[PDB]
Amino acid sequence: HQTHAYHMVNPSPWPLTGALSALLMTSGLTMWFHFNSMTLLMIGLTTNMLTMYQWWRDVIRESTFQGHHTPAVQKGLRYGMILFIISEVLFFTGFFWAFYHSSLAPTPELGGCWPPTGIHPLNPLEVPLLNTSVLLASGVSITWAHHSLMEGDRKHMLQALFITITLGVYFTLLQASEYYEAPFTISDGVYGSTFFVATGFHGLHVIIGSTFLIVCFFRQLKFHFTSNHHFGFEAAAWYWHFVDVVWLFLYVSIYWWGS
Amino acid sequence: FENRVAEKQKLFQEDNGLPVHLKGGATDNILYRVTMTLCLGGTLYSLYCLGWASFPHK
Amino acid sequence: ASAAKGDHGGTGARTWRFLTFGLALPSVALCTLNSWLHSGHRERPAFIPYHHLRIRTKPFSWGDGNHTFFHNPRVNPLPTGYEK
Amino acid sequence: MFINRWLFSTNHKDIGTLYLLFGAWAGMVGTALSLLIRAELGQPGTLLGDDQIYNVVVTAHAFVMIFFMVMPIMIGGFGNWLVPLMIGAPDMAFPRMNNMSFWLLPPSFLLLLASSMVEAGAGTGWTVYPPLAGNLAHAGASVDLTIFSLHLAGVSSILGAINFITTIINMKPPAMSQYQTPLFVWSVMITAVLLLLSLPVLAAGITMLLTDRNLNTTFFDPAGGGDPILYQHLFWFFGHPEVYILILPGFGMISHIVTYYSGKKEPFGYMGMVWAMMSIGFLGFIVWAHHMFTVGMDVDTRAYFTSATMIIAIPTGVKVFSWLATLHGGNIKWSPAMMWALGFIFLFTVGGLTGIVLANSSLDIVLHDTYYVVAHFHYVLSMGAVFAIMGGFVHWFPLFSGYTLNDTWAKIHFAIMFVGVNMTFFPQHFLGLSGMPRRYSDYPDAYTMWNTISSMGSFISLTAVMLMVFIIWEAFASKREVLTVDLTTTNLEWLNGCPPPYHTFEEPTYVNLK
Amino acid sequence: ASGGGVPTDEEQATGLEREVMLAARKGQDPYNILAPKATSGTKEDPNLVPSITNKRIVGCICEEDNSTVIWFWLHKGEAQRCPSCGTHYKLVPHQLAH
Amino acid sequence: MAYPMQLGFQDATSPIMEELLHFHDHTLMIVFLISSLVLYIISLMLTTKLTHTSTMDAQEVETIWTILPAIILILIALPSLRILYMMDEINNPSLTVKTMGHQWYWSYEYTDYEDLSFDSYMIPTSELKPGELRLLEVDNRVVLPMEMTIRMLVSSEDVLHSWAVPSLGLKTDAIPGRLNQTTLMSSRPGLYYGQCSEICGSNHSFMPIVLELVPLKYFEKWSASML
Amino acid sequence: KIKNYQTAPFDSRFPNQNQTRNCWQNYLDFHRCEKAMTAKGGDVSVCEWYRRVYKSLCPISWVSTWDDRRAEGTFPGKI
Amino acid sequence: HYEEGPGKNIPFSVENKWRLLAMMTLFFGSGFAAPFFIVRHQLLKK
Amino acid sequence: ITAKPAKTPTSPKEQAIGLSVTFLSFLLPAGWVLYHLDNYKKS
Ligand SMILES: CCCCCCCCCCCCCCCCCC(=O)OCC(COC(=O)CCCCCCCCCCCCCCCCC)OC(=O)CCCCCCCCCCCCCCCCC
Ligand SMILES: CCCCCCCCCCCCCCCCCC(=O)OCC(COC(=O)CCCCCCCCCCCCCCCCC)OC(=O)CCCCCCCCCCCCCCCCC
Ligand code: HEA
Ligand code: HEA
Ligand SMILES: CCCCC/C=C\C/C=C\C/C=C\C/C=C\CCCC(=O)O[C@H](COC(=O)CCCCCCCCCCCCCCCCC)COP(=O)(O)OCCN
Ligand SMILES: CCCCCC/C=C\CCCCCCCCCC(=O)O[C@H](COC(=O)CCCCCCCCCCCCCCC)COP(=O)(O)OC[C@@H](O)CO
Ligand SMILES: CCCCCC/C=C\CCCCCCCCCC(=O)O[C@H](COC(=O)CCCCCCCCCCCCCCC)COP(=O)(O)OC[C@@H](O)CO
Ligand SMILES: CCCCCC/C=C\CCCCCCCCCC(=O)O[C@H](COC(=O)CCCCCCCCCCCCCCC)COP(=O)(O)OC[C@@H](O)CO
Ligand SMILES: CCCCCCCCCCO[C@@H]1O[C@H](CO)[C@@H](O[C@H]2O[C@H](CO)[C@@H](O)[C@H](O)[C@H]2O)[C@H](O)[C@H]1O
Ligand SMILES: CCCCCCCCCCO[C@@H]1O[C@H](CO)[C@@H](O[C@H]2O[C@H](CO)[C@@H](O)[C@H](O)[C@H]2O)[C@H](O)[C@H]1O
Ligand SMILES: C[C@H](CCC(=O)O)[C@H]1CC[C@H]2[C@@H]3[C@H](O)C[C@@H]4C[C@H](O)CC[C@]4(C)[C@H]3C[C@H](O)[C@]12C
Ligand SMILES: C[C@H](CCC(=O)O)[C@H]1CC[C@H]2[C@@H]3[C@H](O)C[C@@H]4C[C@H](O)CC[C@]4(C)[C@H]3C[C@H](O)[C@]12C
Ligand SMILES: C[C@H](CCC(=O)O)[C@H]1CC[C@H]2[C@@H]3[C@H](O)C[C@@H]4C[C@H](O)CC[C@]4(C)[C@H]3C[C@H](O)[C@]12C
Ligand SMILES: C[C@H](CCC(=O)O)[C@H]1CC[C@H]2[C@@H]3[C@H](O)C[C@@H]4C[C@H](O)CC[C@]4(C)[C@H]3C[C@H](O)[C@]12C
Ligand code: CUA
Ligand SMILES: [Cu+2]
Ligand SMILES: [Mg+2]
Ligand code: NA
Ligand SMILES: [Zn+2]
């Protein structure tokens with residue numbers, strides 16, 4: 001019988017499966033790029049999906065059903081999530097650095113100018129503007145979600161959380177449509193590479209963010225959250241704002257300053 | 001929807017010596033088994049592919 | 001641009017709902033509106049075979065390895081020119 | 001009761017043990033790769049005949065030692081074993097995630113070994129600069145497998161870093177401030193912070209190379225308006241923090257060994273030691289372009305980077321002098337651990353000072369990409385990082401295993417290793433100054449003498465390594481269990497016995513506030 | 001206006017979380033979340049160290065802003081003294097259940 | 001070039017390399033001071049049975065071992081930086097030569113007046129004439145006028161290379177798409193050798209560089225003779 | 001005349017190691033000059049300066065490649 | 001609960017010192033050997 | 001660090017074999033490969 005408040009975790013296979021999924025996804029991407037085939041890739045994604053589901057399930061079991069998230073454990077979770085976001089900020093920094101390296105000193109092969117010759121950039125006042133409003137409006141609704149939750153208001157929490165999600169989906173679809181309509185491609189030199197990798201990786205974070213908010217929505221439906229203890233929601237909110245902010249920076253850098 | 005958390009609490013606080021990842025009944029056991037089989041299958045298979053890819057032919 | 005309205009001495013979810021419905025969503029409506037009255041289908045850009053564009057160092061790993069993933073025949077040419 | 005223990009662990013000690021096991025093995029691979037390098041250079045002409053295989057060997061030598069030997073032993077092994085014991089924590093903050101950090105490394109290693117099996121391997125250097133690493137000068141899967149090895153290794157360390165930082169901040173006795181934690185802990189936390197910030201940038205840069213190789217991006221390709229120099233910035237922005245990541249936990253171990261074997265109850269200048277690690281930590285992020293003094297940057301930029309690099313000398317010196325002040329007035333015990341520590345202090349300083357020479361962008365024109373650099377870094381790594389591991393290993397072995405080593409043998413081991421590494425690397429300074437490039441399978445005739453002596457040193461160090469395997473066998477063969485340990489009052493990690501229970505601090509420590 | 005429907009912690013916290021919460025409100029610290037307040041530490045007024053078992057590690061911060069904690073096992077029986085500063089510690093029972 | 005059993009730098013053929021020799025002596029002097037001081041202090045700490053194991057007060061003595069290192073670095077940094085700006089500075093060069101890296105050989109271009117240009121390949125081992133240096137000799141050498149400021153532009157048509165000539169104090173990476181400048185001044189006629197200083201794959205060891213410094217007159221006639 | 005010539009002098013516009021743009025700008029300047037003088041009936045010899053400078057500093061394969069592209073109508077610079 | 005104490009907190013047995021000697025030689029030897037075989041592999045291959 | 005008496009002392013005899021086995025595991029495999037290395041420039 002422990003007399004400290006931390007959480008001694010039941011031995012678990014998920015770390016091994018996660019690790020092995022990573023072998024299969026990576027091996028797979030390599031088979032796919034070279035010995036044309038998506039077999040390993042597919043098994044990997046499946047094992048990965050299976051691993052994530054069960055790991056996070058056990059965390060909900062450990063916390064909501066078993067009562068292991070004492071205030072000490074909650075405090076550690078806040079720190080871990082903040083540190084993760086910092087990691088992600090630094091990942092994106094690389095892509096920005098790439099953008100600015102190329103656009104501040106355009107090479108002669110591009111015509112010695114930015115945008116490069118032959119590139120027809122999108123209008124930042126058309127759909128990119130819309131996308132900005134959509135994510136910003138997102139930040140307002142997720143915040144209303146959080147205060148409603150803390151005041152004990154179930155129907156409004158869910159109401160606001162649904163609006164937030166819809167906006168995430170609206171963004172995704174607008175960006176998907178923009179990808180299709182764009183008159184330049186990832187292959188169109190350095191302009192295209194920076195545009196689609198930076199926005200692309202962002203697009204991926206929008207989906208991860210939304211998926212995470214969908215998880216919070218269902219968990220809220222099932223009454224997991226209390227008015228004081230709801231760390232999964234907070235983490236999802238922070239991740240969401242982080243996603244908002246990177247967009248603001250892509251918008252100002254790539255779409256506006258770089259057209 | 002109805003608030004069924006107290007029941008899930010009892011089920012998962014049951015003194016039965018089962019680790020958290022199997023403590024929900026046999027569904028868990030099927031998913032554990034599926035996931036591992038897939039992992040070990042895929043891992044072996046991925047070693048097989050390192051096999052062929054190593055050579056043009058000995 | 002620099003804000004301008006007010007609140008704090010009585011607040012809550014109510015205030016944030018108020019901003020969602022009275023400011024944020026209306027902005028999205030307006031911005032949607034600006035877009036619907038704008039996107040004048042861009043004249044297909046003239047194809048020039050610029051060496052810095054349509055880069056093919058290794059074929060893509062799908063289709064015929066010459067088509068980008070969200071290829072649009074209407075606006076995206078191949079290296080040899082427009083398909084259709 | 002074996003699968004549930006060694007494969008599904010949620011326990012810091014067992015995860016530590018696994019990490020040491022993994023590292024031990026990797027070390028053999030790396031050592032073997034180094035002998036193959038010096039075999040090729042042990043006399044003029046060619047031994048392997050194929051020079052793409054030499055380049056493959058050099059490249060894998062570096063990856064195995066850095067990512068697979070040093071980092072997992074120091075951070076993964078010592079870090080997991082010691083940090084919680086040193087702060088009275090019941091485990092790490094994220095036990096299950098901790099296990100994933102380990103289990104990612106064998107897959108990571110598999111993918112690197114596989115890189116050298118398939119095609120003609122990755123003969124790039126450990127820098128992996130484009131265009132050589134591009135899909136034309138290195139067509140095929142080799143480089144892609146390397147990239148993926150690093151992605152996995154990278155993820156392992158980031159998740160590890162989050163755990164260490166969270167653990168060290170959140171799980172100390174409620175009365176203990178950060179300024180009452182031992183230096184080894186301080187050293188892991190700071191290292192963890194550098195991992196957190198530096199690896200993501202590497203992950204971006206190699207992801208950009210990956211898309212350049214397989215999705216027709218032109219980040220690094222001038223054809224598309226790319227710049228191969230953008231790669232260097234991104235690599236080295238990581239790469240420099242990485243060298244400080246390799247040595248910092250080393251610094252923390254030396255601090256404890258010097259203090260223990262001098263009979264001091266604490267090191268000299270605790271707060272200066274803390275300050276210096278933070279300063280090295282911070283300055284480590286604004287020096288990266290000293291690996292790029294020959295690529296054609298502005299003279300004003302090169303002046304900044306020379307100057308900024310020099311400043312690291314100042315807090316590093318404060319450490320060296322504080323270890324020495326720790327010896328002052330010590331009841332010095334000449335255990336093998338202490339011999340390792342003393343060698344560290346001298347040899348590190350030498351590698352450090354050749355670093356200072358290189359920091360001069362003037363002089364680096366003629367020294368860059370010569371064996372002078374190889375010497376610098378094999379002094380701070382092969383005799384700095386490795387000596388602290390050895391020393392740490394010998395000192396805490398009884399705590400991990402519950403059995404003692406034979407000290408006489410351990411001293412023999414030290415004596416052989418000392419002669420080997422110095423014989424191997426010392427003459428490389430002359431090579432460099434005389435102008436022998438690095439990454440050569442063969443050399444003008446003039447360089448024959450120093451290359452001959454150097455390769456002979458390899459074998460001395462090999463003998464040293466063979467003996468260490470034996471030394472560990474003997475320990476476990478003879479089973480001399482630990483009776484008493486001294487100085488337990490200021491070394492909490494020894495206070496639950498050797499080895500300690502699977503669960504330590506189930507009831508936490510009692511520390512008054514006052 | 002609003003309406004309710006969100007459970008509180010009083011309603012739905014379980015396990016160790018619930019125990020810590022209940023204890024907190026009676027002003028007790030069975031799970032060692034707070035730092036204990038020292039006594040004068042003399043032979044007559046020793047520091048009382050709760051344990052569930054027959055011994056417990058004491059770290060003693062002899063003076064404020066010492067960077068080095070003095071650690072020692074404290075055993076059931078006579079009050080023991082910090083090896084470094086002499087301040088007294090006596091072990092006691094109550095961290096216990098029924 | 002390097003002679004056998006060599007311990008330091010090759011002899012300086014340019015004034016800028018001469019500068020670096022003295023700067024290295026100046027610096028290595030400081031390295032020997034600090035490394036010897038440390039060894040002495042180490043051996044000092046270890047050779048007495050007298051003890052003081054109670055705690056010691058620190059910050060007073062730490063001033064010294066912070067301020068003094070700082071002074072020493074200023075003594076290194078100042079000359080170091082004087083030379084760097086000297087290497088960079090305004091040239092008034094009388095001639096511009098280009099060199100282009102390739103896997104695995106160098107090409108050269110003299111295009112101030114006429115489009116003169118040639119490859120340059122390591123003489124292999126089997127084909128070496130007697131007294132010719134294994135791994136260093138080329139078919140066509142880079143003939144240039146001694147006693148004159150020359151602009152070298154370095155670049156590459158494939159991967160990274162680096163064009164080094166140690167005895168002249170020269171090393172400039174060769175990057176495709178980029179044109180890197182270094183200046184070149186030989187105090188003496190002669191042959192001077194370097195080798196490629198970035199890892200360009202298999203034959204990285206075997207793309208040497210050979211300057212042939214001769215007077216203006218013979219260089220002119222050599223240029224006329226090569227077209 | 002202010003001309004007869006050894007090589008391209010120091011140009012304060014391009015004072016660092018990287019001389020990529022000195023090659024480029026002089027190639028551009030030359031052809032922009034040649035265009036406007038071939039079009040408007042005035043001696044093309046006023047443009048010689050830029051030709052010498054760019055011939056001197058530009059790699060042969062750069063000049064060669066850019067000349068091909070100008071003839072192909074894919075030269076990315078605005079002449 | 002798991003095995004506690006000296007020789008019991010490891011994923012290998014030390015109960016017999018010669019099974020140990022062999023385990024240790026396979027383990028460290030395989031590690032040491034791998035690069036030589038990778039080189040052989042590469043030398044043959046083509 | 002004081003130990004207890006070796007519960008299973010390892011005689012100089014035993015040690016000689018230990019050291020021999022251990023050196024042989026490192027040296028034989030490498031030696032085989034290295035001996036046969038001029039034979040590998042062929043295929
Ligand atoms: C350092 C690690 C210790 C362990 C060493 C084990 C191995 C034994 C090494 C023997 C014992 C170690 C001491 C030898 C130092 C040799 C310095 C030197 O020859 O300097 C000459 C220069 C410059 O070269 C020239 O301009 C030409 C020289 C012109 C003079 C006439 C030459 C006549 C030929 C002489 C041939 C005999 C020398 C051959 C020497 C052959 C050596 C293999 O070379 C260089 O740049 C070398 C740059 C390397 C700098 C690394 C810093 C390490 C400091 C070590 C502590 C020292 C403090 C005392 C403290 C002393 C206590 C150690
Ligand atoms: C083989 C031995 C099996 C072991 C059986 C045990 C029997 C009893 C159980 C009795 C209990 C009953 C159950 C019996 C089942 C035994 C299962 C087993 O054998 O379990 C296996 C376990 C245990 O590991 C071992 O296999 C033991 C190794 C030998 C021990 C050495 C002694 C320690 C050396 C000193 C280390 C320093 C730290 C020490 C101090 C640490 C503090 C204590 O594996 C691990 O969990 C971790 C190993 C990680 C390291 C591997 C590197 C992977 C690289 C991948 C790339 C390859 C590509 C090649 C490609 C090639 C290209 C050509
Ligand atoms: C930690 C990093 C590390 C370590 C330990 C080493 C160790 C050794 N290295 Fe290496 N090396 C590099 C990092 C390292 N090196 C890097 C980054 C490069 C550049 C690659 C490139 O150019 O791209 C390089 C390149 C390099 C070169 C230049 C290659 C070239 O330019 O062509 C040479 C030449 O001799 C060399 C030799 C050696 C030798 C003889 C040893 C050793 O043999 C010395 C003896 C040390 C040991 C044998 C290790 C002992 C420790 C253990 C066995 C662990 C024990 C485990 C426990 C106790 C738990 N290495
Ligand atoms: C543990 C690893 C490690 C550490 C700690 C260091 C530490 C330092 N290194 Fe090094 N280094 C490498 C590993 C390391 N390095 C590797 C692997 C490479 C090669 C990368 C590659 O190309 O593959 C490299 C390359 C490298 C270069 C690139 C050179 C080139 O390629 O041309 C430079 C340039 O400045 C450099 C400088 C330094 C400096 C100034 C320090 C300082 O941190 C040293 C500080 C220490 C001291 C100065 C001694 C102690 C101080 C005192 C006793 C106080 C008094 C001192 C004075 C007054 C001067 N090192
Ligand atoms: C519903 C859509 C919403 C918005 C976008 C959301 C998701 C995009 C898809 C995947 C996101 C994942 C990774 C990002 C990686 C690469 C950038 C891809 C971004 C993208 O989607 O770019 C598009 C497709 O890109 C291409 O060709 C190639 C695209 C396919 C590449 C396959 C995946 C490649 C794997 C590389 C990354 C793996 C390594 C990750 C490193 C992490 C380490 C921690 C560009 O379309 P295009 O036809 O060129 O131009 C449009 C012309 N009208
Ligand atoms: C290559 C393409 C493949 C991409 C695949 C990825 C796809 C989708 C990912 C979707 C993310 C889902 C995250 C769900 C986490 C649910 C578990 C949870 O939320 O757990 C919470 C704890 O926090 C916690 O662990 C918080 C744990 C949060 C971690 C979330 C971070 C996920 C980000 C993934 C990053 C991928 C990035 C890759 C590209 C760089 C539980 O505590 P509470 O909430 O307080 O409950 C307790 C109360 O009920 C009691 O009174
Ligand atoms: C493209 C090809 C390469 C692919 C490489 C991808 C590598 C691996 C993918 C497989 C991983 C999927 C499953 C991971 C699940 C995360 C677990 C998690 O959520 O970790 C949590 C802690 O970390 C926290 O909060 C902080 C939350 C951290 C969660 C992050 C998990 C994913 C990280 C991968 C991405 C890193 C990228 C960062 C740099 C860009 C929970 O901690 P546990 O210790 O488990 O339990 C603690 C208990 O008290 C809970 O009650
Ligand atoms: C034919 C003639 C050749 C001779 C040349 C030999 C030259 C050099 C070999 C060097 C050997 C010296 C090793 C000394 C290490 C032991 C010294 C020591 O100090 O250990 C001793 C024990 O070892 C003991 O029997 C003594 C152990 C000695 C065993 C020596 C075996 C080495 C054999 C080498 C063979 C090479 C073969 C190579 C072939 C490939 C004494 O300690 P204890 O009383 O147990 O402690 C008491 C307490 O602490 C217990 O808790
Ligand atoms: C990616 C789908 C996205 C939908 C959007 C529409 C845009 C057009 C993309 C078409 O993508 C197809 O996907 C297939 C996946 O089944 C590929 O099969 C490829 O991979 C298989 C792996 O099993 C092999 O069997 C096949 O030979 C090989 O053509 C195939 O090349 C490709 O045409
Ligand atoms: C890191 C570098 C280590 C360097 C190597 C260490 C020193 C050598 C250890 C012994 O290795 C053996 O050497 C024999 C050579 O004497 C080889 O026999 C070979 O040659 C002999 C003929 O002389 C025959 O006995 C054998 O059949 C034939 O395989 C044999 O394969 C090999 O195991
Ligand atoms: C069913 C549930 C109330 C159940 C309960 O009290 O437990 C209510 C509360 C809030 C509702 C949601 C929110 O009002 C937001 C959406 C409102 C739209 O008008 C319908 C769908 C919509 C997504 C609703 C679905 C569902 O009716 C919810 C989730
Ligand atoms: C408990 C153990 C896990 C072992 C491990 O992860 O290494 C079990 C759980 C499920 C098992 C697997 C599943 O039963 C299904 C597979 C088919 C047969 O049942 C035997 C082999 C088979 C491949 C099994 C291997 C192994 O016995 C597994 C993976
Ligand atoms: C090297 C780096 C990245 C450039 C690139 O990606 O091409 C550039 C970007 C901003 C630069 C810095 C800023 O211009 C500010 C400083 C300017 C000084 O003249 C040199 C130091 C100085 C601190 C610069 C050093 C270096 O040139 C930096 C750091
Ligand atoms: C003030 C602070 C912490 C004191 C404490 O709270 O215990 C100490 C610890 C390390 C100190 C620094 C280091 O001792 C190194 C420097 C030494 C010089 O004597 C003063 C500046 C100097 C930069 C110090 C300033 C200051 O006294 C520091 C920063
Ligand atoms: Cu060209 Cu090395
Ligand atoms: Cu650095
Ligand atoms: Mg270089
Ligand atoms: Na050789
Ligand atoms: Zn005390």
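The figures here come from the full heavy-atom set of this structure, side chains too, leaving out hydrogens, waters and symmetry mates. Chain naming here is simple, since letters A, B, ... match the order of the sequence lines and numbering starts at 1 in each. As the structure lists them, so they are numbered: ligands from 1, and atoms in each ligand from 1.
Annotation: atom 38 (C) of ligand 8 to nearest protein heavy atom, I:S20 OG, 4.5 Å. The closest protein non-hydrogen atom to atom 36 (C) of ligand 8 is I:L19 CD2, 4.5 Å. In terms of protein heavy-atom proximity, atom 26 (C) of ligand 8 is closest to I:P12 CG, 4.2 Å. Counting protein heavy atoms only, atom 23 (O) of ligand 8 is closest to I:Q15 OE1, 4.1 Å. For atom 22 (C) of ligand 8, the closest non-hydrogen atom on the protein side is D:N406 ND2, 4.5 Å. The nearest heavy-atom contact from the protein to atom 11 (C) of ligand 8 is D:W409 CH2, 4.0 Å. Of the protein's non-hydrogen atoms, D:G352 CA, 3.5 Å is the one closest to atom 46 (C) of ligand 4.
Some N or O of D:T408 is nearer than 3.5 Å to an N or O of ligand 8, by distance alone. Polar contact check, D:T316 against ligand 4: no nitrogen or oxygen pair lies under 3.5 Å apart. For a threshold of 3.5 Å applied to N or O pairs, the pair formed by D:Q428 and ligand 3 contains at least one separation below that value.
Within the set F:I71, D:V243, F:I30, D:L246, the minimum heavy-atom distance to atom 13 (C) of ligand 4 is found for D:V243. The closest heavy-atom contact to atom 27 (C) of ligand 4, among the options D:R439, D:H291, D:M310, F:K171, comes from D:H291. Nearest to atom 14 (C) of ligand 4 by heavy-atom distance, out of D:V318, D:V380, D:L367, is D:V380. Nearest to atom 33 (C) of ligand 4 by heavy atom, out of F:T27, D:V287, D:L283, D:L358, is D:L358.
Atom 10 (Fe) of ligand 3 lies closest to atom NE2 when only the N/O/S atoms of D:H378 are considered. Looking only at N/O/S atoms, D:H61 comes nearest to atom 10 (Fe) of ligand 3 through NE2.
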Check: When you look at D:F346 and D:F418, which way does the ring pair (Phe, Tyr, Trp, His ring centres under 6.0 Å) test go after all the steps?
Finding: CA-CA 12 Å; D:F346 182 57; D:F418 190 91; 8.3 Å; no

Next item on the list: Test D:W126 against D:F235 for ring pair (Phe, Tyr, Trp, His ring centres under 6.0 Å), laying out the working first.
Entry: CA-CA 10 Å; D:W126 88 285; D:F235 181 76; 5.4 Å; yes

Check: Between D:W323 and D:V320, does a side-chain contact (heavy atoms from CB on, under 4.5 Å) hold up when you go through it step by step?
Finding: CA-CA 5 Å; D:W323 291 320; D:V320 171; 4.1 Å; yes

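Taking the centre of each ring, D:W288 and D:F238 stay at or above the 6.0 Å mark. The ring of D:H376 has its center no closer than 6.0 angstrom to the ring center of D:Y379.
Note: D:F387 and D:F414 have perpendicular aromatic rings, judged against thresholds of 30 and 60 degrees for the angle between ring planes. Ring-plane geometry between H:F27 and D:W25 is classed as tilted, the angle between the planes lying from 30 to 60 degrees on a 0 to 90 degree scale. Classified by interplanar angle (parallel below 30°, tilted 30° to 60°, perpendicular above 60°), the ring pair D:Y129/D:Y231 is perpendicular.
Contact annotation for D:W236 and ligand 4: only side-chain heavy atoms (C-beta onward) come within less than 4.0 Å of the ligand. Neither the backbone nor the side chain of D:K319 has a heavy atom within less than 4.0 Å of ligand 4. Contacts of D:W126 with ligand 3, taken as heavy-atom pairs under 4.0 Å, involve both backbone and side chain.
In this structure, D:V465 counts as a contact residue of ligand 3, since one of its heavy atoms falls inside 4.0 Å of the ligand. Heavy-atom separations between I:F23 and ligand 8 are all 4.0 Å or longer.
Close approach of ligand 4 to D:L381 (heavy-atom distance below 4.0 Å) involves ligand atoms 1 (C), 2 (C), 17 (C). Atom numbering of ligand 8 starts at 1 in the shown order; those under 4.0 Å from a heavy atom of I:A3 are 51 (O). Set against the non-hydrogen atoms of D:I247, the atoms of ligand 4 under 4.0 Å away are 1 (C), 5 (C). Close approach to D:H368 involves these atoms of ligand 4, each under 4.0 Å from a residue heavy atom: 30 (C), 31 (O), 32 (O). Less than 4.0 angstrom separates some heavy atom of D:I312 from each of these atoms of ligand 4: 43 (O).
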